[PDB]
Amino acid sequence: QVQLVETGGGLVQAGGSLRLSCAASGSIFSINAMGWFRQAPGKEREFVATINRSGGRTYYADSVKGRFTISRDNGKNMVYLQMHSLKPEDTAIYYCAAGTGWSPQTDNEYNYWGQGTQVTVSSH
């Protein structure tokens, strides 16, 4: 199997930026879907971004559609999520997850999840 470790989180300001790095246990190659998910306090776990196996296809949620950019390095076994132009509604625990490629915008086809990282975007 394969497990994941999320880093890159922490405390940031309202209008700033930060990128989250996802480290993979085994070889991330031949894994079709690589997705990021978040869960705000008091809310449900929602979809953020998926990337293709080769990186040529992505999908984003409408709330973060022009603001986030997902990338991956199959040689380094790494997934990234560059978060630009932050909002106070983006404060959530960000989860990195391994998928099968089928229905990549839903969590039902992700069998290997990570620990998660806290990304707090304060209004101050």
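Numbering starts at 1 and runs along the sequence shown.
Set 112-120 against 96-104 and average the Cα temperature factors; 112-120 ends up higher. Just going by the entry, 52-60 versus 83-91 on mean CA temperature factor gives the higher value to 83-91. Remark: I28 belongs to the middle third of its chain, ranked by C-alpha B-factor as recorded. Among all modelled residues in its chain, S71 ranks in the lowest third by Cα B-factor.
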